[PDB]
Every structure is written in C-alpha cells, then in structure tokens.
Amino acid sequence: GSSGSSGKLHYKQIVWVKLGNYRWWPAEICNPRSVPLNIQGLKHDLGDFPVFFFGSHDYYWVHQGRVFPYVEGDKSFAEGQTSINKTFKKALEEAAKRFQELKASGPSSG
C-alpha cells in the first residue's frame, strides 16, 4: 500500500500451492477482475483470493497462509537432475515465466 506495508499476499504474485503430501504445485495469485465470471461466481468467505494453477491452468479460491513465496535465486527441492516429465514441470516453467514477467512489466501503480 503506502507507508508501513508488509503482510497478506497481493495479486499478481508467485506463490506455492499446497495440494497434499510432500508433493506441491506452484501458482500465482490472480485478481477477481482478471479471471472470468466463471471463477468470480465462485463463493468465498474472507481473504481467500483467486489464484491460477500453473501447468493445469485453473482458477480457485484458497485462503491465505497456506501458500508460500516462490523464490528465484534458490530452490533446493524441485530442480537438479530430473527424469519425471509431467504437467508439473510445465507448471514449474510457467510459474517461472510469470515471475519473470510480473517483474518484467511496465510501470503502473505500486
């Protein structure tokens, strides 16, 4: 916001999506004005914001605190000799792109 700001996730932000077990899935918080009504229509309570699931490409409303901040200069978890080859990877790549895109965007508020 302005003066004293540091908390709660903000739209257009790369984070980690919790699915279950040691397995996870990257995603980026999106805005309700961005996603289609189809998503908007989705009910909610509070905090829960629209997020886009990479690889799959699906929007959902998930509370906050369950998602983690995706780092760039580091990983040590999902990278280093891999012979899986699945949607995940596709998501990983996308998740990366976005992160690179977000930061790589014209100046407009913020």
# chains A, B, ... in the order shown; residues from 1 in each chain; ligands from 1

call {"tool": "residues_around", "arguments": {"residues": "range 17-31 of chain A", "least_positions_apart": "6", "cutoff": "7 Å", "atoms": "only C-alpha atoms", "output": "list in words"}}
result
residues 11, 50, 51, 52, 53, 54, 66, 67, 91, 92 and 95 of chain A

call {"tool": "select_by_dssp", "arguments": {"residues": "range 15-110 of chain A", "states": "strand (DSSP E or B)", "output": "number ranges by chain"}}
result
A: 15-18, 24-29, 49-53, 58-62, 68-69
